[PDB]
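What follows is the content of work.cif (mmCIF, C-alpha atoms and all ligand atoms).
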```cif
data_input
#
loop_
_atom_site.label_atom_id
_atom_site.label_comp_id
_atom_site.auth_asym_id
_atom_site.auth_seq_id
_atom_site.Cartn_x
_atom_site.Cartn_y
_atom_site.Cartn_z
CA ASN A 701 97.76 21.50 62.51
CA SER A 702 94.25 21.73 63.94
CA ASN A 703 92.86 18.48 65.39
CA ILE A 704 89.30 19.13 64.13
CA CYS A 705 87.90 19.59 60.60
CA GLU A 706 87.66 23.26 59.64
CA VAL A 707 84.21 22.83 58.11
CA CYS A 708 82.24 20.51 60.48
CA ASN A 709 84.40 20.96 63.65
CA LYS A 710 84.63 17.17 64.31
CA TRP A 711 87.69 14.96 64.68
CA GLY A 712 88.08 11.87 62.48
CA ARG A 713 90.23 10.95 59.45
CA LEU A 714 91.71 14.41 58.77
CA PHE A 715 94.00 15.66 55.96
CA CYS A 716 96.27 18.50 57.00
CA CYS A 717 97.13 21.60 55.00
CA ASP A 718 100.91 22.02 54.33
CA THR A 719 100.74 25.80 54.14
CA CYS A 720 98.41 26.60 56.99
CA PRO A 721 97.25 24.84 60.16
CA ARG A 722 93.74 23.84 58.93
CA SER A 723 92.60 20.30 58.59
CA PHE A 724 89.79 18.58 56.71
CA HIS A 725 87.74 15.53 56.30
CA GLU A 726 88.08 14.23 52.74
CA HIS A 727 84.55 15.23 51.58
CA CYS A 728 84.22 18.29 53.79
CA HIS A 729 86.95 20.01 51.72
CA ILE A 730 85.75 21.29 48.34
CA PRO A 731 86.97 20.00 45.95
CA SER A 732 87.37 16.58 47.87
CA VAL A 733 90.92 16.31 49.21
CA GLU A 734 93.18 15.27 46.35
CA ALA A 735 94.65 11.67 46.28
CA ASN A 736 98.38 12.40 46.14
CA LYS A 737 100.02 15.92 46.02
CA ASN A 738 102.78 16.47 48.62
CA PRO A 739 102.76 19.23 49.59
CA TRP A 740 98.99 19.91 49.62
CA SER A 741 97.49 23.33 49.95
CA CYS A 742 93.82 23.75 51.04
CA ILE A 743 91.27 26.00 49.37
CA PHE A 744 91.85 28.79 51.87
CA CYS A 745 95.52 28.81 50.87
CA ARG A 746 94.71 28.65 47.14
CA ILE A 747 92.31 31.59 47.40
CA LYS A 748 94.91 33.59 49.35
CA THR A 749 97.45 32.93 46.57
CA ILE A 750 95.07 34.31 43.89
CA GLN A 751 94.70 37.52 45.90
CA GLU A 752 98.47 37.83 46.49
CA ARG A 753 99.38 37.28 42.83
CA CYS A 754 96.81 39.96 41.76
CA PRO A 755 96.35 42.51 44.54
CA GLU A 756 94.06 44.60 42.28
CA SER A 757 91.59 41.70 42.34
CA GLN A 758 90.48 43.06 45.75
CA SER A 759 89.32 46.40 44.35
CA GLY A 760 85.54 46.73 44.33
CA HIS A 761 83.42 45.12 41.64
CA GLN A 762 79.84 45.41 40.42
CA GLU A 763 77.76 42.27 41.09
CA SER A 764 76.40 42.36 37.58
CA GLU A 765 79.92 42.06 36.15
CA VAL A 766 80.86 39.24 38.57
CA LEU A 767 77.78 37.20 37.63
CA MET A 768 78.54 37.31 33.87
CA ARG A 769 82.08 35.93 34.36
CA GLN A 770 82.68 32.60 32.69
CA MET A 771 83.60 29.74 35.03
CA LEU A 772 87.34 29.65 34.22
CA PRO A 773 89.60 27.92 36.87
CA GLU A 774 89.88 30.88 39.24
CA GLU A 775 86.08 31.57 39.22
CA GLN A 776 85.45 27.81 39.62
CA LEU A 777 87.68 27.90 42.74
CA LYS A 778 86.00 30.99 44.14
CA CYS A 779 82.54 29.35 43.83
CA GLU A 780 83.88 26.16 45.51
CA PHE A 781 85.23 28.27 48.38
CA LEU A 782 81.96 30.21 48.72
CA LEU A 783 80.05 26.89 48.84
CA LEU A 784 82.48 25.65 51.51
CA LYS A 785 81.97 28.80 53.59
CA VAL A 786 78.22 28.00 53.70
CA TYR A 787 78.89 24.39 54.79
CA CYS A 788 81.11 25.85 57.56
CA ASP A 789 77.96 27.11 59.31
CA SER A 790 76.19 24.39 61.27
CA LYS A 791 72.78 25.65 60.08
CA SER A 792 73.74 24.43 56.59
CA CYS A 793 72.54 20.95 57.69
CA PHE A 794 68.98 22.09 56.95
CA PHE A 795 69.84 22.81 53.34
CA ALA A 796 72.37 20.08 52.51
CA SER A 797 70.30 17.14 51.39
CA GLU A 798 67.20 16.83 49.15
CA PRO A 799 64.15 18.38 50.83
CA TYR A 800 60.52 17.26 50.70
CA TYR A 801 57.38 19.33 51.06
CA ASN A 802 54.17 18.26 52.83
CA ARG A 803 52.81 21.01 55.02
CA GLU A 804 49.17 22.01 55.42
CA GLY A 805 48.61 25.29 53.59
CA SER A 806 51.80 25.28 51.51
CA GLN A 807 52.79 23.93 48.15
CA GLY A 808 56.36 22.79 47.44
CA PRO A 809 58.62 24.82 45.13
CA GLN A 810 58.65 24.37 41.39
CA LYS A 811 62.42 23.91 41.38
CA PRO A 812 63.81 22.35 44.52
CA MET A 813 67.49 22.98 45.27
CA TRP A 814 69.95 21.91 47.93
CA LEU A 815 73.67 22.29 48.81
CA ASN A 816 74.73 18.78 47.82
CA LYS A 817 73.11 19.26 44.40
CA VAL A 818 75.12 22.48 43.89
CA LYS A 819 78.22 20.63 45.10
CA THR A 820 77.68 17.91 42.47
CA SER A 821 76.92 20.52 39.80
CA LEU A 822 80.20 22.27 40.50
CA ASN A 823 82.10 18.97 40.52
CA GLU A 824 80.63 18.01 37.14
CA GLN A 825 81.43 21.50 35.65
CA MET A 826 77.74 22.16 34.91
CA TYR A 827 77.92 25.91 35.49
CA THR A 828 79.29 28.03 32.61
CA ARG A 829 79.06 31.36 34.40
CA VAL A 830 79.18 32.53 37.99
CA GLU A 831 75.52 33.51 37.61
CA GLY A 832 74.46 29.81 37.34
CA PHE A 833 76.00 28.98 40.69
CA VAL A 834 74.72 32.12 42.44
CA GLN A 835 71.16 31.62 41.12
CA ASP A 836 71.03 28.03 42.47
CA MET A 837 72.42 29.15 45.86
CA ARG A 838 69.89 32.00 46.18
CA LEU A 839 67.07 29.66 45.10
CA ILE A 840 67.76 27.37 48.06
CA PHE A 841 66.90 30.17 50.47
CA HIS A 842 64.09 31.71 48.45
CA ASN A 843 62.31 28.29 48.20
CA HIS A 844 62.61 27.94 52.00
CA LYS A 845 61.18 31.39 52.70
CA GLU A 846 58.26 30.81 50.42
CA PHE A 847 57.40 27.35 51.77
CA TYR A 848 57.64 28.10 55.49
CA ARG A 849 55.62 31.37 55.16
CA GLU A 850 55.04 32.66 58.71
CA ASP A 851 56.48 29.71 60.62
CA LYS A 852 59.45 30.95 62.61
CA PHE A 853 61.53 28.25 60.85
CA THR A 854 61.70 30.65 57.90
CA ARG A 855 64.42 32.43 59.83
CA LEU A 856 66.89 29.62 59.20
CA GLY A 857 66.78 30.58 55.51
CA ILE A 858 67.42 34.22 56.31
CA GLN A 859 70.35 33.25 58.52
CA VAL A 860 72.10 30.97 56.06
CA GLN A 861 71.41 33.36 53.16
CA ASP A 862 73.16 36.10 55.13
CA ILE A 863 76.25 33.87 55.49
CA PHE A 864 76.12 33.20 51.77
CA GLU A 865 75.78 36.86 50.82
CA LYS A 866 78.51 38.17 53.17
CA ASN A 867 80.92 35.57 51.86
CA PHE A 868 79.92 36.31 48.23
CA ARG A 869 80.70 40.02 48.76
CA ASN A 870 84.06 39.12 50.40
CA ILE A 871 85.27 36.44 47.97
CA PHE A 872 84.35 38.26 44.82
CA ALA A 873 85.31 41.72 46.24
CA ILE A 874 81.97 43.35 45.60
CA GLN A 875 82.13 47.16 45.96
CA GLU A 876 81.04 48.24 49.41
CA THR A 877 77.78 50.27 49.62
CA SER A 878 75.18 51.59 52.17
ZN ZN B 901 84.45 17.68 58.41
ZN ZN B 902 95.72 25.89 54.03
ZN ZN B 903 98.36 41.51 38.67
#
```
Kindly transcribe the structure held in the file into structure tokens.
Amino acid sequence: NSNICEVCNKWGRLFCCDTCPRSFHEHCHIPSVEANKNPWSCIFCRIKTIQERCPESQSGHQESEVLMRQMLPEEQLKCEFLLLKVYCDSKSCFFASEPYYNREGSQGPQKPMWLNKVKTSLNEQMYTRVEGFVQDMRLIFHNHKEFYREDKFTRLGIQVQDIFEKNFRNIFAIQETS
């Protein structure tokens, strides 16, 4: 197994996947690494199994259809994995914890949002459809763009949103377009 966490790339108290060489800190994995379970399979392995059991699940889909799916176990897992893929980027640190807004010439957003809030919402089963999760994720970046206006720091939102969107298209097998 790897000697660093797959998400944050640090050593520490790591839990090792039994079906692949990845390792994780307890709370870097999503969901948090389960108490018992030997063997243990990580989220990457669990997603791969879904695909293998239903190869047709990789045929292209319309975003509008994906968003209306109810959050049954497989869609729950896919959203957890997509959230994890965002945390895998180091620029996610800017969006992880609760923001505050006091900048000359800007007003804070009406509905603040952050990664750890989405993480909690998923843990507590607060989303009934994929749309709920995707709307909160996109709102993180939209709030950032709006608040930072022409400061070059706005680009961090564009960057992390692009990681989100690329992974959303991959995980939910959105039909490729130009
Ligand atoms: Zn970690
Ligand atoms: Zn694994
Ligand atoms: Zn099948």
Practice problem: Please write as a VMD selection string the list of polymer residues whose atoms come within 8 Å of (74.7, 31.9, 64.6), counting all atoms listed in the file and keeping to the coordinates of the file. | Solution: chain A and resid 789 791 859
Let's have the selection written as an mmCIF file, in the frame of the given file, with C-alpha atoms.
```cif
data_model
loop_
_atom_site.group_PDB
_atom_site.id
_atom_site.type_symbol
_atom_site.label_atom_id
_atom_site.label_comp_id
_atom_site.auth_asym_id
_atom_site.auth_seq_id
_atom_site.Cartn_x
_atom_site.Cartn_y
_atom_site.Cartn_z
ATOM 1 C CA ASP A 789 77.960 27.110 59.310
ATOM 2 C CA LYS A 791 72.780 25.650 60.080
ATOM 3 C CA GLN A 859 70.350 33.250 58.520
#
```
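Taking only C-alpha atoms and all ligand atoms into account, ligand ZN 901 (chain B) lies nearest to A:787 out of the set A:742, A:778, A:787, A:851.
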Quiz prompt | Polymer residues at most 10 Å from segment 716-728 of chain A, all atoms listed in the file, same-chain spacing of 4 or more positions, as a ChimeraX atom specification | solution = /A:701-712,732-735,738-746,784,787-788
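Nearest residue to ligand ZN 901 (chain B), choosing from A:736, A:790, A:757, A:828 and counting all atoms listed in the file: A:790.
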Could you pull the residues within 12 Å of residue 870 of chain A, counting all atoms listed in the file, minus those fewer than 3 positions along the same chain, as a PDB file with C-alpha atoms, in the frame of the given file?
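Ended up saving to part.pdb:
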```
ATOM      1  CA  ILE A 747      92.310  31.590  47.400  1.00  0.00           C
ATOM      2  CA  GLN A 751      94.700  37.520  45.900  1.00  0.00           C
ATOM      3  CA  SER A 757      91.590  41.700  42.340  1.00  0.00           C
ATOM      4  CA  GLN A 758      90.480  43.060  45.750  1.00  0.00           C
ATOM      5  CA  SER A 759      89.320  46.400  44.350  1.00  0.00           C
ATOM      6  CA  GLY A 760      85.540  46.730  44.330  1.00  0.00           C
ATOM      7  CA  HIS A 761      83.420  45.120  41.640  1.00  0.00           C
ATOM      8  CA  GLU A 763      77.760  42.270  41.090  1.00  0.00           C
ATOM      9  CA  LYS A 778      86.000  30.990  44.140  1.00  0.00           C
ATOM     10  CA  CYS A 779      82.540  29.350  43.830  1.00  0.00           C
ATOM     11  CA  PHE A 781      85.230  28.270  48.380  1.00  0.00           C
ATOM     12  CA  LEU A 782      81.960  30.210  48.720  1.00  0.00           C
ATOM     13  CA  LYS A 785      81.970  28.800  53.590  1.00  0.00           C
ATOM     14  CA  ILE A 863      76.250  33.870  55.490  1.00  0.00           C
ATOM     15  CA  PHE A 864      76.120  33.200  51.770  1.00  0.00           C
ATOM     16  CA  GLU A 865      75.780  36.860  50.820  1.00  0.00           C
ATOM     17  CA  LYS A 866      78.510  38.170  53.170  1.00  0.00           C
ATOM     18  CA  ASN A 867      80.920  35.570  51.860  1.00  0.00           C
ATOM     19  CA  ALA A 873      85.310  41.720  46.240  1.00  0.00           C
ATOM     20  CA  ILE A 874      81.970  43.350  45.600  1.00  0.00           C
ATOM     21  CA  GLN A 875      82.130  47.160  45.960  1.00  0.00           C
ATOM     22  CA  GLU A 876      81.040  48.240  49.410  1.00  0.00           C
TER      23      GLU A 876
END
```
